[PDB]
């Protein structure tokens, strides 16, 4: 799978700019919004809806309409420094508590 980057230095600096990430998508048919994705640090791999974060290297796929780019970034890549910079730890905790409390009402 490859370990997530938790340093303050991006794993993919060529994708550090919003505009660079935006080009990777092209025509995007998926339920998830490409500008929203690029904003959350993601660029497209060109394989279905597979994206990676420029900073942590974290990969995500199979975007349901109910799944938010930032929330998913926090769910699966909580050590991402870009995520911490943009959203703050207070936002990150809420998302974590929300997901971890979803583990309650399902089970």
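The term rigid core refers to the maximal set of C-alpha atoms that superpose within 1.5 Å between the two forms. Residue numbers count along the first chain shown, from 1.
J.: Find the stretch among 21-29 and 81-89 with the larger RMS C-alpha deviation in 6 other deposited structures of this protein, all structures being superposed on the shown form by the rigid core.
T.: Comparing 21-29 with 81-89, the larger C-alpha deviation in 6 other deposited structures of this protein belongs to 21-29.
J.: Please indicate which stretch deviates more in 6 other deposited structures of this protein: 40-48 or 60-68, judged by C-alpha RMS distance after a core superposition?
T.: Per-stretch check in 6 other deposited structures of this protein: the more divergent one is 60-68.
J.: Averaged over C-alpha atoms, is the B-factor higher for 27-35 or for 78-86 in this PDB entry?
T.: Averaging CA B-factors over each stretch, the winner is 27-35.
J.: State which stretch shows the higher mean Cα B factor in the entry: 56-64 or 69-77.
T.: For C-alpha atoms only, the mean B-factor is higher in 56-64.
J.: What third of the chain does residue 100 rank in for C-alpha temperature factor, lowest, middle or highest?
T.: It falls in the top third of the chain.
J.: Using the temperature factors of the C-alpha atoms in this entry, rank residue 2 within its chain: lowest, middle or highest third.
T.: For residue 2, the deposited C-alpha B-factor lands in the highest third.
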